[PDB]
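1. got an experimental structure here, sequence first:
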Amino acid sequence: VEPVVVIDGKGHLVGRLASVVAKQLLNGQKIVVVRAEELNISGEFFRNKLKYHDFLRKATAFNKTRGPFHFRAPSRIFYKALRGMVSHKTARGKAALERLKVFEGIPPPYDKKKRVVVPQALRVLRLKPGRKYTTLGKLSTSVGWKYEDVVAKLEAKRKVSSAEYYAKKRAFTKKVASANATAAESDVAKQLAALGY
Amino acid sequence: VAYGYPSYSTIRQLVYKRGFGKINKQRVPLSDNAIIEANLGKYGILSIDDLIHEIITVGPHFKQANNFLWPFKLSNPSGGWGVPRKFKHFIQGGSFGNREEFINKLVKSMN
Amino acid sequence: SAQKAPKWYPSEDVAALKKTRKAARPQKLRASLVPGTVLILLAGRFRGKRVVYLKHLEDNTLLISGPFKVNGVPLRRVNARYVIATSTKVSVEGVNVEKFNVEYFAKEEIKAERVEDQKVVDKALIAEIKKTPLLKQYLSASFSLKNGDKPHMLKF
Amino acid sequence: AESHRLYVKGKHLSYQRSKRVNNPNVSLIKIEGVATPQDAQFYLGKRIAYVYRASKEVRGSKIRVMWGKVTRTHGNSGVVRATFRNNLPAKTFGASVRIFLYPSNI
Amino acid sequence: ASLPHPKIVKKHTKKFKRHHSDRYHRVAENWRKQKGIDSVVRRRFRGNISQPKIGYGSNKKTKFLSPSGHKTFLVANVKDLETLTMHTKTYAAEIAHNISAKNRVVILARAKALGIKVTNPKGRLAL
Amino acid sequence: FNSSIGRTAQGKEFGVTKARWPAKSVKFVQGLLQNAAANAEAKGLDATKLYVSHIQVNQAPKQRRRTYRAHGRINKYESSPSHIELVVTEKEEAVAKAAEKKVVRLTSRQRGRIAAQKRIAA
RNA sequence: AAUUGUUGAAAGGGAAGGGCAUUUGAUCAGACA
RNA sequence: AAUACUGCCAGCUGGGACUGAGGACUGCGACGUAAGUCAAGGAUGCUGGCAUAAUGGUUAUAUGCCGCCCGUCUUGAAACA
RNA sequence: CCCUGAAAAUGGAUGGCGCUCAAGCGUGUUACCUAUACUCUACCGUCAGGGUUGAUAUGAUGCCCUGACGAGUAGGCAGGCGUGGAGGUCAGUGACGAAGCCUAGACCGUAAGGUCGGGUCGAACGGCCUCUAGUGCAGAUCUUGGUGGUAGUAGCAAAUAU
RNA sequence: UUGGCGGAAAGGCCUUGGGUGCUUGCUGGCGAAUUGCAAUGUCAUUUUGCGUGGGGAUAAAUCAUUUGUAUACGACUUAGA
Ligand SMILES: [Mg+2]
Ligand SMILES: [Mg+2]
Ligand SMILES: [Mg+2]
Ligand SMILES: [Mg+2]
Ligand SMILES: [Mg+2]
Ligand SMILES: [Mg+2]
Ligand SMILES: [Mg+2]
Ligand SMILES: [Mg+2]
Ligand SMILES: [Mg+2]
Ligand SMILES: [Mg+2]
Ligand SMILES: [Mg+2]
Ligand SMILES: [Mg+2]
Ligand SMILES: [Mg+2]
Ligand SMILES: [Mg+2]
Ligand SMILES: [Mg+2]
Ligand SMILES: [Mg+2]
Ligand SMILES: [Mg+2]
Ligand SMILES: [Mg+2]
Ligand SMILES: [Mg+2]
Ligand SMILES: [Mg+2]
Ligand SMILES: [Mg+2]
Ligand SMILES: [Mg+2]
Ligand SMILES: [Mg+2]
Ligand SMILES: [Mg+2]
Ligand SMILES: [Mg+2]
Ligand SMILES: [Mg+2]
Ligand SMILES: [Mg+2]
Ligand SMILES: [Mg+2]
Ligand SMILES: [Mg+2]
Ligand SMILES: [Mg+2]
Ligand SMILES: [Mg+2]
Ligand SMILES: [Mg+2]
Ligand SMILES: [Mg+2]
Ligand SMILES: [Mg+2]
Ligand SMILES: [Mg+2]
Ligand SMILES: [Mg+2]
Ligand SMILES: [Mg+2]
Ligand SMILES: [Mg+2]
Ligand SMILES: [Mg+2]
Ligand SMILES: [Mg+2]
Ligand SMILES: [Mg+2]
Ligand SMILES: [Mg+2]
Ligand SMILES: [Mg+2]
Ligand SMILES: [Mg+2]
Ligand SMILES: [Mg+2]
Ligand SMILES: [Mg+2]
Ligand SMILES: [Mg+2]
Ligand SMILES: [Mg+2]
Ligand SMILES: [Mg+2]
Ligand SMILES: [Mg+2]
Ligand SMILES: [Mg+2]
Ligand SMILES: [Mg+2]
Ligand SMILES: [Mg+2]
Ligand SMILES: [Mg+2]
Ligand SMILES: [Mg+2]
Ligand SMILES: [Mg+2]
Ligand SMILES: [Mg+2]
Ligand SMILES: [Mg+2]
Ligand SMILES: [Mg+2]
Ligand SMILES: [Mg+2]
Ligand SMILES: [Mg+2]
Ligand SMILES: [Mg+2]
Ligand SMILES: [Mg+2]
Ligand SMILES: [Mg+2]
Ligand SMILES: [Mg+2]
Ligand SMILES: [Mg+2]
Ligand SMILES: [Mg+2]
Ligand SMILES: [Mg+2]
Ligand SMILES: [Mg+2]
Ligand SMILES: [Mg+2]
Ligand SMILES: [Mg+2]
Ligand SMILES: [Mg+2]
Ligand SMILES: [Mg+2]
Ligand SMILES: [Mg+2]
Ligand SMILES: [Mg+2]
Ligand SMILES: [Mg+2]
Ligand SMILES: [Mg+2]
Ligand SMILES: [Mg+2]
Ligand SMILES: [Mg+2]
Ligand SMILES: [Mg+2]
Ligand SMILES: [Mg+2]
Ligand SMILES: [Mg+2]
Ligand SMILES: [Mg+2]
Ligand SMILES: [Mg+2]
Ligand SMILES: [Mg+2]
Ligand SMILES: [Mg+2]
Ligand SMILES: [Mg+2]
Ligand SMILES: [Mg+2]
Ligand SMILES: [Mg+2]
Ligand SMILES: [Mg+2]
Ligand SMILES: [Mg+2]
Ligand SMILES: [Mg+2]
Ligand SMILES: [Mg+2]
Ligand SMILES: [Mg+2]
Ligand SMILES: [Mg+2]
Ligand SMILES: [Mg+2]
Ligand SMILES: [Mg+2]
Ligand SMILES: [Mg+2]
Ligand SMILES: [Mg+2]
Ligand SMILES: [Mg+2]
Ligand SMILES: [Mg+2]
Ligand SMILES: [Mg+2]
Ligand SMILES: [Mg+2]
Ligand SMILES: [Mg+2]
Ligand SMILES: [Mg+2]
Ligand SMILES: [Mg+2]
Ligand SMILES: [Mg+2]
Ligand SMILES: [Mg+2]
């Protein structure tokens, strides 16, 4: 439907975002996910910290290099959830994964692009209220992810340059909204009114 | 098995559509009324409906009339079975046993 | 010999076909196809062209016209199944169209008869097109699907 | 003007398959904006084309088309099964495909 | 010019090659049936090669017809060639592989003048 | 035929670590090289352009000799003689063009667009 | 024949080879009239 | 009174898919005042494209899914037989 | 239902990812996906039941109609394929090229196999009805011969020395 | 072309001024056929290659030799107009 779909990761439940992102991929849809550090996980922080440590202890005994690899960054945590839902050793699986990019914060290009949201993985719509959950950047930091402060710093700055963007924009739609008002009551206008516009 | 009470409508549409005759074995399609009279005219019964009448009413010659009919070969129910698992009794939410006049909806989908 | 030779040869006498039972009965048209309806040509040379429906020809085709002065389509044959009949409609009750048969379009540049026949039909049409505003422009636009158009949804 | 499309956009999903055996004789087509079975019974019978490019020119073009037809609906979400003059090449899984408007009935 | 025949349908055009003919040189492709007790092929496990069987048998009506529509007949000399004199829409003559250069020009020419088809007409031709 | 051979910087020239200095092979090849030079001298071939165009080695019949192994045993101790052939050739530039002409064949709908593209425009 | 050199073509992210299917490349029969 | 529900109609009717075996006639019927006609013991009519590597066969490669070494003895073998 | 009771050795398995008003547990209603099964059709074979010697063309173990059926080790039987030699025959093929060998070239058969093209080749050889056996190989730590990977590797260092 | 912003991967965003094309805002003149009743009917963007001429630029690494802060061999670290 669109060449690329930028997903604001914030507020989505990991495996559910991973699951729709996975299918989209395999159906030809390019996808980049942003703000992976504001991702959510059901269950409280401690459970998912433990869970991560369970994962953390598995490795090839005779050579901890060949064994499993434990990536700390919230994007890569997410990628792991996601690659688990793709036949990633097939060619078609590698095909589909190249159509995917995960990101902490919202870096260039995609910060000027509009990002969308996935209702069926939105935590605020999914989780029963009163349930406990986990933020991915908090989880990632407790297991050796370095860059939580640098990301929040760059994001706070980016949000500042964006609040201006919006502000200028809302100011201009006030003109357009005012323009369209005087054009209302005219002949074009009541005709379009008729045709549903 | 699943069985029940056939209605005239489903006996009619069974004989008409998938009704065949054992004639020197040779499972013969019923297609013409003269096929029947040749083999069942002995006992009355000289039309395809003369058959259905003998069947549905259980006449004096239901043995020879009913045996003249080859077993009916039905397909699987066209909308499915309705139950999740088949090999329980109808009463217990499966398909087998005597489901009485509910046999007609079953059979009509299998025809 | 190198090969023996068969005991039986199949006779080369060629049989004749059984007497088939297939009458060519006439083709009834879908109710949306009435003369003077605006079609959308879905495929072929003039694809996406909006065009006026005139006569149902004996070979099952449909007689259309641009009109040629509106959008460049001539009096032409078109297959009823490669067409969307719209709901918009001019009155064709002053168009000859009788002249036009299958043999008319035998293959056998443009015959002067056709160039004229085009003008006589067209003039009648235009005179009626002009009766509803913007219709003449519509008939010179091409139809295309825009983003979001859902054919199984759109009233035509 | 800018648009010219006379088809509905499509996507070649999978072959028809079980868990562990596919059937290359039936492709499964995802039609843009068709989301239920009832919506997709409109497209039954429409012709599909998978257009693709090639290096060897042929009949004076470097562009080739495999033609098919929607034949039946699939599942509950407006997926649709379709068959082609030659099965689609399984690399096409996730490629774009063109569902036309003919044989029309409007 | 062959007699009319129903669309020739072949049923399994892929050569039935012997199991493991692809594996050891010693094992020729010529079909051989597996007699082993565990052999996946004999047991018909899903994924392995298929085996000859009578279901594959060609339609009686079109069996032995090569493309054109003519059952082929091996021809060694004119008298052999002439046996197809009343049968040109049913049989094509194939010249035997050992017929000499000159002798094939006689058969070809006689075949031409009789309306009999020939399947390998460029053999030993003096081009 | 290079496994467990040593490494040398001299392989770098060729992207290689394992290279060697087989003097009896060299001395035999340049022997036959020399002969092909002469043969082209007498042919009148412009020696200034000669390049080695085909040079192949495969194996002459082996030569049995035997050595003596522990507990009273015998083992083959063979030679691996070779068959060498090479041909030099006067290098030469270009090749010119010239080929088919590509039979273009297009349906009636496919010549109409062509004719109209020129009827319409250039 | 195993096996080897050269030349040509092609594939190769912890073997190779096989089945059904199709794209692409190469190659070829027959049939039109 | 209506509606639902369940059942019936030898009531009407649209969209889609696969198939077209057979090769004179012969049968059982149907429509017709009639002559004739027919959807009644298996596809015909009309139009177009190419006449070619277009379709098809072979082959090599890629891709989806699938595929453990054969032989043997054995209750049981891919077996660390 | 959940928690405690609940301790093992390479890292690790509700099949995996992951899931928390579930993608968990109980239970109900629908729709949906797909077996070599089921229904209909085409073809192949097997078995069965019919019909047909009437000349003046070509199979009577034939030809025509019809129905049903088709898993298989050990094992039985059947009908076929291929080799060496023998009787008969085709007044068969051949130095204007027999036999053989090569060939991701063509065709026939379900298959054993059969046929052809080309290339190499150089003196013989085949079809059909019969007869006959020292008549078909992947195996037997099979027999004899030939050849690989190993591998330019182990190694070529005792006896003082050039 | 004026001024300004953007380093998270900025490599893009904003603003000034003239030049020029288009304008379906509205009203006109001309054209379209025969591509024959459909046959994607070809309008994307990848990399490379060959000559033409409008700017711009004129190295190094390796073998060999050598050091010994290094070394089984490669490799490492030095030196040499
Ligand atoms: Mg895919
Ligand atoms: Mg894609
Ligand atoms: Mg590992
Ligand atoms: Mg994974
Ligand atoms: Mg993919
Ligand atoms: Mg909620
Ligand atoms: Mg339903
Ligand atoms: Mg269904
Ligand atoms: Mg069911
Ligand atoms: Mg169940
Ligand atoms: Mg049914
Ligand atoms: Mg008739
Ligand atoms: Mg009608
Ligand atoms: Mg109607
Ligand atoms: Mg116009
Ligand atoms: Mg797939
Ligand atoms: Mg499926
Ligand atoms: Mg196909
Ligand atoms: Mg794929
Ligand atoms: Mg075959
Ligand atoms: Mg065997
Ligand atoms: Mg096995
Ligand atoms: Mg066993
Ligand atoms: Mg001769
Ligand atoms: Mg020859
Ligand atoms: Mg080696
Ligand atoms: Mg070494
Ligand atoms: Mg080594
Ligand atoms: Mg060593
Ligand atoms: Mg090397
Ligand atoms: Mg020794
Ligand atoms: Mg000794
Ligand atoms: Mg050796
Ligand atoms: Mg044009
Ligand atoms: Mg033009
Ligand atoms: Mg590896
Ligand atoms: Mg293949
Ligand atoms: Mg002809
Ligand atoms: Mg009701
Ligand atoms: Mg009814
Ligand atoms: Mg027919
Ligand atoms: Mg037929
Ligand atoms: Mg009457
Ligand atoms: Mg009729
Ligand atoms: Mg061709
Ligand atoms: Mg041509
Ligand atoms: Mg082809
Ligand atoms: Mg040809
Ligand atoms: Mg062509
Ligand atoms: Mg074609
Ligand atoms: Mg190749
Ligand atoms: Mg292959
Ligand atoms: Mg597998
Ligand atoms: Mg084996
Ligand atoms: Mg035991
Ligand atoms: Mg046993
Ligand atoms: Mg066991
Ligand atoms: Mg075994
Ligand atoms: Mg074991
Ligand atoms: Mg509970
Ligand atoms: Mg372990
Ligand atoms: Mg558990
Ligand atoms: Mg779950
Ligand atoms: Mg599960
Ligand atoms: Mg539940
Ligand atoms: Mg329902
Ligand atoms: Mg099954
Ligand atoms: Mg089956
Ligand atoms: Mg059946
Ligand atoms: Mg008999
Ligand atoms: Mg059996
Ligand atoms: Mg046999
Ligand atoms: Mg024999
Ligand atoms: Mg013999
Ligand atoms: Mg020989
Ligand atoms: Mg060769
Ligand atoms: Mg070959
Ligand atoms: Mg041939
Ligand atoms: Mg072959
Ligand atoms: Mg043949
Ligand atoms: Mg040959
Ligand atoms: Mg030859
Ligand atoms: Mg020879
Ligand atoms: Mg001699
Ligand atoms: Mg003989
Ligand atoms: Mg014998
Ligand atoms: Mg013996
Ligand atoms: Mg064997
Ligand atoms: Mg054998
Ligand atoms: Mg032998
Ligand atoms: Mg052997
Ligand atoms: Mg062996
Ligand atoms: Mg054996
Ligand atoms: Mg051996
Ligand atoms: Mg060796
Ligand atoms: Mg040496
Ligand atoms: Mg050594
Ligand atoms: Mg020693
Ligand atoms: Mg010494
Ligand atoms: Mg001394
Ligand atoms: Mg930066
Ligand atoms: Mg980026
Ligand atoms: Mg930058
Ligand atoms: Mg301007
Ligand atoms: Mg415009
Ligand atoms: Mg174009
Ligand atoms: Mg230059
Ligand atoms: Mg100097």
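-> Yes, it's here. Numbering: from 1, shown residues only, chains lettered A, B, ... in the order given. Ligands and ions are numbered 1, 2, ... in the order given.
2. list the buried residues of stretch A:128-137.
-> Across stretch A:128-137, burial judged by 16 or more other CB atoms under 10 Å in any protein chain shown covers A:134-137. Where you see a C-beta, it was placed from the backbone N, CA and C, and this is true even at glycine.
3. now check that stretch, is it near RNA strand J?
-> No: figure legend: stretch A:128-137 not in contact with RNA strand J (CB under 7 Å from any atom of the strand); closest approach 12.2 Å.
4. before we move on, the earlier item: narrow the buried residues of stretch A:128-137 to those in strands?
-> Counting by DSSP state E, these place A:134-135 in strands.
5. got JSON lines for the buried residues of stretch A:128-137, with distance to ligand 30 too?
-> Shown next, in JSON lines, are the buried residues of stretch A:128-137 (distance: CB to the ion, whole Å):
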{"residue": "A:134", "distance to ligand 30": "52"}
{"residue": "A:135", "distance to ligand 30": "52"}
{"residue": "A:136", "distance to ligand 30": "47"}
{"residue": "A:137", "distance to ligand 30": "48"}
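6. of all the buried residues of stretch A:128-137, which comes closest to residue F:5?
-> Residue F:5 lies nearest to residue A:136 out of the buried residues of stretch A:128-137, by CB to CB, at 53.5 Å.
7. ok, that closest one - contacts?
-> A:9, A:14, A:36-41, A:74, A:77-78 (CB atoms under 8 Å, 6 or more residues apart in numbering or on different chains).
8. could you pick out which of these are near ligand 24?
-> Contacts with ligand 24 within the contacts of residue A:136, as defined by CB under 5 Å from the ion: none are present.
9. inside strands: which ones of those?
-> A:40-41.
10. related to what we said a few turns ago, can I get the buried residues of stretch A:128-137 in TSV with distance to residue F:51?
-> Shown next, in TSV, are those (distance: CB to CB, whole Å):
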residue	distance to residue F:51
A:134	72
A:135	71
A:136	66
A:137	67
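11. which of the buried residues of stretch A:128-137 sits closest to RNA strand I?
-> The shortest approach to RNA strand I among the buried residues of stretch A:128-137 belongs to residue A:134, at 9.1 Å (CB to the nearest atom of the strand).
12. neighbours around residue B:44, how many?
-> Burial of residue B:44 is recorded as 15 neighbouring residues (other CB atoms under 10 Å in any protein chain shown).
13. correction: residue E:98
-> Residue E:98 is flanked by 8 other residues according to other CB under 10 Å.
14. skipping adjacent residues, who's closest to residue A:79 in space?
-> Sequence neighbours aside, residue A:102 is the residue nearest to residue A:79 in space, at 5.3 Å (criterion: CB to CB, 6 or more residues apart in numbering or on different chains).
15. between the contacts of residue A:136, which is closest to residue C:60?
-> Closest approach to residue C:60 among the contacts of residue A:136 (CB to CB): residue A:9, at 58.4 Å.
16. residues contacting the closest one?
-> Taking CB under 8 Å, 6+ apart as the criterion, residue A:9 is in contact with A:17, A:33-39, A:78, A:102, A:136.
17. check whether whichever strand or helix holds residue F:51 comes near RNA strand G.
-> For residue F:51, the element it lies in under DSSP states H and E is strand F:50-59. Yes: using CB under 7 Å from any atom of the strand, a contact is recorded between strand F:50-59 and RNA strand G, made by F:54, F:56-59.
18. so which other helices or strands are in contact with that strand?
-> Counting contacts by 3 or more CB pairs under 8 Å, 6 or more residues apart in numbering or on different chains; DSSP states H and E, strand F:50-59 is packed against helix F:23-43, strand F:82-90.
19. related to what we said a few turns ago, PyMOL command for the buried members of the contacts of residue A:9?
-> Those of these that count as buried under 16+ other CB under 10 Å are selected in PyMOL with:
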select buried, chain A and resi 17+33+34+35+36+37+38+39+78+102+136
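20. from the contacts of residue A:9, pick the one nearest residue B:108.
-> Taking CB to CB as the measure, residue B:108 sits nearest to residue A:17 out of these, at 47.8 Å.
21. where's that closest one, which helix or strand?
-> If you go by DSSP H and E, residue A:17 is part of helix A:14-26.
22. so what touches that helix?
-> Residues outside helix A:14-26 that contact it (CB under 8 Å, 6+ apart): A:5, A:7, A:9, A:31, A:33, A:39-41, A:77-78, A:81-82, A:84-86, A:92, A:96-97, A:99-100, A:118, A:120-121, A:126, A:136, D:93-94.
23. CA atoms of it as PDB?
-> Taking C-alpha atoms only, helix A:14-26 is exported to PDB below (Å, rounded to 0.1, in the frame of the first residue of the first chain):
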ATOM      1  CA  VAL A  14       6.900  -6.900  21.500                       C
ATOM      2  CA  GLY A  15       5.700 -10.200  20.200                       C
ATOM      3  CA  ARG A  16       2.600  -8.800  18.800                       C
ATOM      4  CA  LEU A  17       4.500  -6.100  16.800                       C
ATOM      5  CA  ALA A  18       7.000  -8.800  15.900                       C
ATOM      6  CA  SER A  19       4.200 -10.900  14.600                       C
ATOM      7  CA  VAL A  20       2.600  -8.400  12.300                       C
ATOM      8  CA  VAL A  21       6.000  -7.000  11.200                       C
ATOM      9  CA  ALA A  22       6.900 -10.600  10.300                       C
ATOM     10  CA  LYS A  23       3.900 -11.300   8.100                       C
ATOM     11  CA  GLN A  24       4.200  -7.900   6.400                       C
ATOM     12  CA  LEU A  25       7.700  -8.700   5.400                       C
ATOM     13  CA  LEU A  26       6.900 -12.000   3.900                       C
END
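24. right, is it up against RNA strand I?
-> Yes: using CB under 7 Å from any atom of the strand, we find that helix A:14-26 touches RNA strand I at A:14-16, A:18-19.
25. and which of those residues is nearest ligand 30?
-> Nearest to ligand 30 among the residues of helix A:14-26 next to RNA strand I, counting by CB to the ion, is residue A:18 at 43.9 Å.
26. returning to that earlier point: which strand residues bridge the residue nearest to residue A:79?
-> The residues listed as beta-bridge partners of residue A:102 by DSSP bridges are residue A:33.
27. kindly provide the distance from residue B:16 to ligand 35.
-> Here the criterion is CB to the ion, to the nearest Å. By it, residue B:16 lies 62 Å from ligand 35.
28. circling back to that earlier point, and of the contacts of residue A:136, the nearest to residue A:194?
-> residue A:9 (44.1 Å).
29. backbone dihedrals for that closest one, both of them.
-> In this entry, residue A:9 is assigned phi and psi values of phi -60, psi -30 (degrees, to the nearest 10).
30. cool, and residue D:95?
-> phi -90, psi 170.
31. for stretch C:102-122, buried residues please.
-> For stretch C:102-122, burial by neighbour count (16+ other CB under 10 Å) applies to C:105, C:117-118, C:121-122.
32. now, these that are in helices?
-> Members of the buried residues of stretch C:102-122 lying in helices (criterion: DSSP state H): C:117-118, C:121-122.
33. which of those residues sits closest to residue C:44?
-> Comparing those against residue C:44 with CB to CB places residue C:118 closest, at 19.1 Å.
34. okay, now the closest residue to that closest one other than its chain neighbours: neighbour count?
-> Distances taken as CB to CB, 6+ apart place residue C:68 nearest to residue C:118, at 5.2 Å, with adjacent residues excluded. Using other CB under 10 Å, the number of residues around residue C:68 comes to 17.
35. could I get the contacting residues of residue C:68?
-> If you count contacts by CB under 8 Å, 6+ apart, residue C:68 has them with C:74-75, C:118, C:122.
36. again, only using 6 Å
-> Going by CB atoms under 6 Å, 6 or more residues apart in numbering or on different chains, residue C:68 touches C:74, C:118, C:122.
37. ok, so of these, who is nearest ligand 3?
-> Of all those, ligand 3 sits closest to residue C:74, with 72.0 Å by CB to the ion.
38. among the residues of strand F:50-59 next to RNA strand G, who's most crowded?
-> Neighbour count (other CB under 10 Å) singles out residue F:57 as the most crowded of those, with 13 neighbours.
39. doesn't residue F:81 make contact with it?
-> No: taking CB atoms under 6 Å as the definition, residue F:57 is not a contact partner of residue F:81, at 10.5 Å.
40. before I go, just wanted to say thanks for your time.
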